Amino acid sequence: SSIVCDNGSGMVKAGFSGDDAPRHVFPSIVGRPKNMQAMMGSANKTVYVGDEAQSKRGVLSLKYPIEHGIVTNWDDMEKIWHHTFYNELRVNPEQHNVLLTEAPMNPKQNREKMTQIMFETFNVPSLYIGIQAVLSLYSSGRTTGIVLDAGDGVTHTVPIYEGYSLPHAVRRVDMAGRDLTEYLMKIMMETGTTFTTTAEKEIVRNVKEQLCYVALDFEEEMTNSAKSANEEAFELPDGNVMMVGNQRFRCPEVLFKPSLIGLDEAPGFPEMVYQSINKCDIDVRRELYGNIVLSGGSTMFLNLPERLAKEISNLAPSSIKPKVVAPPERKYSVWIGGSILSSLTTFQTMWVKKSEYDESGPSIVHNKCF
Amino acid sequence: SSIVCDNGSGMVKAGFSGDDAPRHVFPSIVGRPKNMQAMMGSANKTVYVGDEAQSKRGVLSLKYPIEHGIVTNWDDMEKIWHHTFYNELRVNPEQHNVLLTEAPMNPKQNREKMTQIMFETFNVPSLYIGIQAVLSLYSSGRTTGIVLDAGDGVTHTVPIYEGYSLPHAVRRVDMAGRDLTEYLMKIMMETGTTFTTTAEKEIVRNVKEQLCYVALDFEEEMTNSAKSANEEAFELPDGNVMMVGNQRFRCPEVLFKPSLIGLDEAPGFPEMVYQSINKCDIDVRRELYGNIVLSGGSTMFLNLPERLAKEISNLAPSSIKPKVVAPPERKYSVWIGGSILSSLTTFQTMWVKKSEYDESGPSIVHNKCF
Amino acid sequence: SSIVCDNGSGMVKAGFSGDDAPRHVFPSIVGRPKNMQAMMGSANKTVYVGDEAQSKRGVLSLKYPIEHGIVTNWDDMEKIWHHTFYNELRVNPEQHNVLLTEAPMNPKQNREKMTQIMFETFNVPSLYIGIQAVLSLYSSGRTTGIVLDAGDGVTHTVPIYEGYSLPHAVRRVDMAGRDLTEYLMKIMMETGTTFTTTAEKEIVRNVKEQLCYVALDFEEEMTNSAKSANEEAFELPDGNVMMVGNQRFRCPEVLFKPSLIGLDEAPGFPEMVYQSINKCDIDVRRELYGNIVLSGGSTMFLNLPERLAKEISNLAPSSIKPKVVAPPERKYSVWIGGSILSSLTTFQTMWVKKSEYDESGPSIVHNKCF
Amino acid sequence: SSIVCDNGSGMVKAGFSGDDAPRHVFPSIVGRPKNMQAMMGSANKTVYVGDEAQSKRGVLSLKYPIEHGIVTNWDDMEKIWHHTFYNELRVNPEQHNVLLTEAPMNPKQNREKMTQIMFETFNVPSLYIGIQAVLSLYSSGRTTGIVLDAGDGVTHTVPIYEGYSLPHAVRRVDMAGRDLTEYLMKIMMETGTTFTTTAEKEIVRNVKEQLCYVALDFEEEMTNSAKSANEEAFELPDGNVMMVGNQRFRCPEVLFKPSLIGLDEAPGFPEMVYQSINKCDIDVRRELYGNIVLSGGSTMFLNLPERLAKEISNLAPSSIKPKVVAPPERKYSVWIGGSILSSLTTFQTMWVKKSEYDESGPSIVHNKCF
Amino acid sequence: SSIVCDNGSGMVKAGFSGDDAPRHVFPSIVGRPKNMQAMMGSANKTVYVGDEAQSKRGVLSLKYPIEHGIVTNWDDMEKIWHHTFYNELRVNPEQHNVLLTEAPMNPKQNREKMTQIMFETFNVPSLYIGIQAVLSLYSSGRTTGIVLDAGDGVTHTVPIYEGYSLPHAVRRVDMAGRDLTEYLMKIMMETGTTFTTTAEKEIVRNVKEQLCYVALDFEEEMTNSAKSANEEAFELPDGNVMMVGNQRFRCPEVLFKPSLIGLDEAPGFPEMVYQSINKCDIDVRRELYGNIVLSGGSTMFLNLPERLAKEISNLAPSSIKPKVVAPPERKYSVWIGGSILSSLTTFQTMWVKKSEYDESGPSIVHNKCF
Ligand SMILES: Nc1ncnc2c1ncn2[C@@H]1O[C@H](COP(=O)(O)OP(=O)(O)O)[C@@H](O)[C@H]1O
Ligand SMILES: Nc1ncnc2c1ncn2[C@@H]1O[C@H](COP(=O)(O)OP(=O)(O)O)[C@@H](O)[C@H]1O
Ligand SMILES: Nc1ncnc2c1ncn2[C@@H]1O[C@H](COP(=O)(O)OP(=O)(O)O)[C@@H](O)[C@H]1O
Ligand SMILES: Nc1ncnc2c1ncn2[C@@H]1O[C@H](COP(=O)(O)OP(=O)(O)O)[C@@H](O)[C@H]1O
Ligand SMILES: Nc1ncnc2c1ncn2[C@@H]1O[C@H](COP(=O)(O)OP(=O)(O)O)[C@@H](O)[C@H]1O
Ligand SMILES: [Mg+2]
Ligand SMILES: [Mg+2]
Ligand SMILES: [Mg+2]
Ligand SMILES: [Mg+2]
Ligand SMILES: [Mg+2]
């Protein structure tokens, strides 16, 4: 059976082809102890991976090997893959095909080192690497539309018409949920709460995923909270209680005005879609407006699909009725689409075999995997 | 049953003998994709013909095999004929007679290659090729008059008296509707609209067929629009709106003064008829002035028959009253006349049989088909 | 004395008639601060123009008022002209004649608004507007030849024979150096360097003007760099070093195959000249092939004149020997030719006086300036 | 005359505008007796403020109202301000303007309560609050550079270019001289000396300011002292003598490696400057490296400017020559700059008047004081 | 077999590894006669050690070599060790390994002189020194929790999580049972009983260990005894009877408010635990609250565990349920844990051999014994 591994900046999702959902989802982190061992009977390790690092984070310093979709530490990246094959799936990687994913317009060296490790360290028989936004269209059962994908490190838009690519309209911003966590941690200091460690950053991420929401009218929302000053209580791991005010809707507002974090010229979600559509062709634009697909975990805020539709309607001409499609399970769209694609009988010739890599070299991955 | 196929520069019209109208009319284009396939489940082809190419033109580059009445790509010309027999009429071409049309004073190689393909590739039993302007007289039920035919690539005039040809008075200009589309696309840039692709050229052709008209007095019309500056709105496929000013009546004015597009010595519609009549005989001219017949799609502009009659009256002597006949269905005159001619019992000996071609060779078509 | 101002998409060149070179050349940009003032003693402005904006670009957002030869912001366009008259030339514009330039086939509204501002805001006595490619022929001292002009926004070709214009052979593409900067910035991401701001775009423009060159044989050049992988180092303003590989010759290759940036049907430099010549007359073509003149800053790449000559020779018939003339100072050909033309004694009747504008109105500029 | 009051965690500095130095500097402490009065003729108080508390500290328990730049006891904070106006300056606070200082990224409630006390309790006519690091640039007579300020509770870095703020590059650590005193008191127990009371903590602070110095090479310095074991004698208030060994250079080493006190992820002085510079813009970094300004009492250790310059040079690229500016009087830079700023004639409109506070409320301080 | 010797300020506990309890427990005192010998046949010594000194204390002056965990007389310290090896265990110290204990944050010279005596005077083969609070966790069979140890001279708290040390949260007060004996001896004078000699101080220590208890509500307990005035009788060695009133619960109240003996700023038992927990990490505090371990002889008062739990619950947040673990045999926890640790097979490499001391010197003990 073939293995589908959706590895992004934040999470790892692994499973087998043909299933409807991944069976193993864990954070993509590596932890190391920062103090000396005091007892003698402990079964402590020297490096912690995955959920082990998350649970013992009180005594560890945490690192993410991938930043903005690019691997910055290959030694720690092999530890995560070694964890996935032997501890999560519990298989022998020499007997399965592996399908991987990547963001568009990445440096070529990132794709070449990934292939070298898979063939030489793990001895995989055959390999394939896909583009994340294309795999999201497979899960929706359509061949026309524009996909907005926002995860932990990158946001990109890819338009497709009748199954044909439009390479000159692809956009990428490099600003996603991890930058939202840092902004929330900073504006939280206005109320007297300060977090600085990597372990405390994981607490801030939980506050974002439970209390933050998109305001339908931002300017009115600020005025109302200035007078009412309604607040909500959050319970910290140590038992204390933290109050959250207007930080709840100011944090996701970055996705609509990136100048709050210094990106004074980055477009933002409505303009990113609008500019990408107007670069395709005049005879294609009406169909693209009718199928706008949301994907990724950073699109899971409450009221985000409704706010996005209203903003685009103010940019498009009067006769255009934009339609935004937001599946309830869009956090796993990339993995689901990859499971569908690898099950097709016509795909069996698209695998990159080990024998071809032995002759052509690492550069063969660029010729194939289109 | 016999097949009538009126194939010009722009359109294909096909049907069966005895009918009052063709049953299949589609543009004569071939489309090819200009980008790479991105999905795997699509039923995409590699070449598109006819209305398929028109609908998917946003991702295709379009070509016309015929230019100025002469085939410039025989491989793409066979694709169009193959489309007509098997997808439109859905017949076996080995059991029907085929009647084709051609413009006068064409190169001899054009007619010879057409015969070779029909007999050897499609194995047609018998064949015939006619002159387009002569077939227009059949549909009017007359044997005397001069025909002005203007389609997409060629304009020609042919006079006939009592059923006798007058070979030394035939004229041909090679300037028709496709040159009108290019002129409209150029003078449209004076108002800030630029179209450059082949797909965008199809949009300009729709603007010509809906908003352009012939001005009865050109010089007065320009003066009035200089002050009023009245404009009309046209809605583009993507939802935007384009304003059209005096380009509405300047575009068809080319047919009356070809020096606007650089043909400083070509006559134009009134002079083309006038010069053709004065080359026939003094005892024939009065009858020719009384029956001037319009044919083709480029004669469908509003006010064109009225403007033409006035201009000729300024050239003819005072005792002559020219009369212009413009049937409301003159876009299909050539096809209708060919349907009538092929139904006559005296025509059954005029077919060129396959056996004769086997002996004489391709040159037999010149001896017959007179 | 008369003033010559060559204002294109990228640069402003100003001076006085009779001189051999302009005395003031600065970029055509306007800058505005994007953060709040923190100190109190600074002499900061609110808008920066010219070289002031270039030097302080670290804290400013930059805009070009002119895009593709058409003014898109008239308020910022007046600031640039106000800067030129009072800060660069330091004259009173009510005592001098002004000669301006424009690209062919521009919208009529662009020329009318330019005249209204000059007469009403600056109170210029007399005015004239010329065509850039014609002024380049004056600087070469010839009356026959075809001019290829490529600046920052537009590329056009204009043929002239014995001093007579050939209006139906003029071509224009709207693709020039600014599109080359954007393509270099995109293919630079394949090596792990990302620039997104307007200020960072000025750094990419300096890399193009120092390291990029035209490859004589493109296909062989790619193969050699695939094995040798020779690279060159460029020093960034902050002290870091960037390596440039085969991006050096891939960037100017767009001028020879515009399908790399999506213009799948635009001709390119050799085909643009070839198509323009074959539209003139059969008795003029041999003289045009003998005088092909290069003008503009986008023609300054190394090996460009040699590559252009070879490509044209493969399109022309065997008995034709094309000759390309590339002056070493062709970046200032338009300004130099305008200085010559305004010094002629026969030109003194060609000025458009203010009194005529008072009666006829802004439309007088179309009747004159031919 | 206007009053300038620089109130930090450790000291109070007060004076009048226009002077070159403050006239009153005293510690910011409040003392209360811990035993019962035994005699009857004493003029003892119940609360001691300032130098009175310092002298009688043998029978008092001492508290600091401000911790890490944030007021933790407002009742004791009013006693310190009441002491400053009536006992030190000896003025009526209803006739002078007051200028105050604050650290960046402080909680908003801290600034609001400060304004309420000044207007309602002391009836000040007009008020203003500034940022400490900005006022340090005024005293140096420059508008470009990055300021490192380290006092008793907070360390922060603020970059400024051409008088423009760069809000997204400000950093703050909350670790300063008071944490250095606690670390020295702990490692002093390795030699058999134990101090536990608040009064004994003032003795340890005097040892830090007289015997501690920065080692140019820390690892070599430890090795040399392991063999030589050279020591220095310090005389205690009671007449006994304490010997100090390698604690002299280990105490200020915390500023270069904060993991010695448990802040395993805080950067430290060289990394704090390096990270702040690399967040500004590529076109600004070279000027920032050339002007690095030291401010505050915790930068007064011997050899600190020389060690800082060497460490930064190992982080910057090879073509960069960092320059550190350390004025001999940098302990009073914030007060001096505030005296200069309040003397400017353009500043007279920046005062926040009492009438405005009556209408807008305490929130007016956020709109102004930028 | 290995020897375990738990030597604190008050008692000596010695035994062999593997046993469940020490076999020899005697006070750590040295006695000398204060009068002249009168008879001739007596077998009197000149120095008495251990239980010999306790029995003949009527004619001796007693001294403790160790005060606050630090040896103040090394000559008398060797007499106690010589007594333990030859009179109590009756072994040859050249054939056994010795494990010793020490309080945290002791002067380094104390540990170095101890090693020098063991290796050079007694010629021990191998040696090891541990931290007392860590050894108490071994006896409980846990790797997480915070230990409160209070003996005769020192009180300290040490938190441990998952076997990892937290060095920056260790606290030490230097106030234990010997200070409780002196306070009881002073407040006993309010009822007319005066003890001044060292021998009489041993009688007061017996009164503390039999009649003193912790009051659950101190303020109510004082009020009840003011009216009832209930008293208890104690029989002195000479036959007289002493009455004890409210001194029974006032003596152990010092452990909860150290200001009764002049330590006005020392925290006390509930605050010592509370401050130590809040210095560890937010993700560790909940587990520490659930395992609070009592150790040492000064925790043996009646009702002490119940009073401690109630006081901590008033300091912790509402969702926290503190749990105090008080083993019935906690007076020997340090010795028992050391017996367990020295029996582990993984510990056999942790011994400090004599050969290593010969080369490295006395400083080797700091590198090991972590
Ligand atoms: N319900 C939610 N609301 C807002 N953000 C979320 C939610 N769930 C997950 N996220 C954010 O999505 C990011 C990761 O998204 P995902 O696409 O699943 O991972 P990856 O970036 O690895 O592809 C994380 O930064 C996380 O904070
Ligand atoms: N209503 C109309 N008004 C003006 N032009 C028309 C109209 N309808 C068709 N045309 C033009 O007629 C041309 C084709 O005419 P037709 O004779 O039918 O085809 P063909 O040239 O193949 O014989 C096209 O260029 C089209 O733009
Ligand atoms: N040496 C060079 N090599 C390549 N390109 C150049 C060179 N010098 C200038 N350019 C380009 O020429 C463009 C401007 O050319 P120019 O004709 O002088 O200005 P304008 O477009 O305003 O007329 C700019 O985009 C610049 O990048
Ligand atoms: N010569 C010195 N060497 C080292 N530290 C010093 C020296 N002088 C003062 N300090 C320290 O500076 C701190 C206060 O600095 P300062 O900035 O003047 O006060 P504040 O923190 O109130 O602004 C005190 O902790 C003091 O110990
Ligand atoms: N039952 C008891 N109640 C109160 N205090 C006790 C009790 N038993 C012993 N102590 C006190 O404990 C102290 C010694 O405790 P321990 O920890 O055994 O010795 P060390 O201090 O040498 O480690 C002595 O001061 C003694 O008075
Ligand atoms: Mg993802
Ligand atoms: Mg026709
Ligand atoms: Mg130019
Ligand atoms: Mg300060
Ligand atoms: Mg003990």
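No hydrogens, no waters, no symmetry mates; every other heavy atom, side chains included, goes into these values. Note that ligands are numbered from 1 as they come in the structure, with each ligand's atoms numbered from 1 the same way. Letters go in sequence order (proteins before strands), and every chain restarts at 1.
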**Report entry** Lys/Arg-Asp/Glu bridge criterion (N-O < 4.0 Å) met for B/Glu221, B/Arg248
**Finding:**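 B/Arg248 and B/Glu221: not salt-bridged.
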
**Report entry** Side chain B/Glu200, main chain B/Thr197, donor-acceptor under 3.5 Å
**Finding:**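 Between the backbone of B/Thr197 and the side chain of B/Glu200 there is a qualifying donor-acceptor contact (under 3.5 Å).
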
Requested in this report: Indicate yes or no for a side-chain donor-acceptor contact from C/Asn303 to the backbone of C/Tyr213 under 3.5 Å, with no hydrogens or angles considered.
Outcome: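 Absent.
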
Query raised in the report: So which residues, sorted by chain and number, lie with a heavy atom under 4.0 Å of ligand 3?
Result: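 Residues near ligand 3: C/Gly8, C/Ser9, C/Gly10, C/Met11, C/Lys13, C/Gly151, C/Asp152, C/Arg205, C/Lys208, C/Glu209, C/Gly297, C/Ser298, C/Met300, C/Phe301, C/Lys331.
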
Query raised in the report: Would you say the side-chain atoms of C/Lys201 and C/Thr181 include a donor-acceptor pair closer than 3.5 Å?
Result: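 Absent: no donor and acceptor within the cut-off.
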
Name the atoms and distances for all side-chain donor-acceptor pairs under 3.5 Å in residues 324-331 of chain C, with sequence neighbours left out.
| residue | atom | partner | partner atom | Å |
| --- | --- | --- | --- | --- |
| C/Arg330 | NE | C/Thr299 | OG1 | 3.1 |
| C/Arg330 | NH1 | C/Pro327 | O | 2.9 |
| C/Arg330 | NH2 | C/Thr299 | O | 2.7 |

Query raised in the report: Does OH belonging to B/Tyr138 count more than 12 external heavy atoms closer than 6.0 Å?
Result: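 12 or below, so no.
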
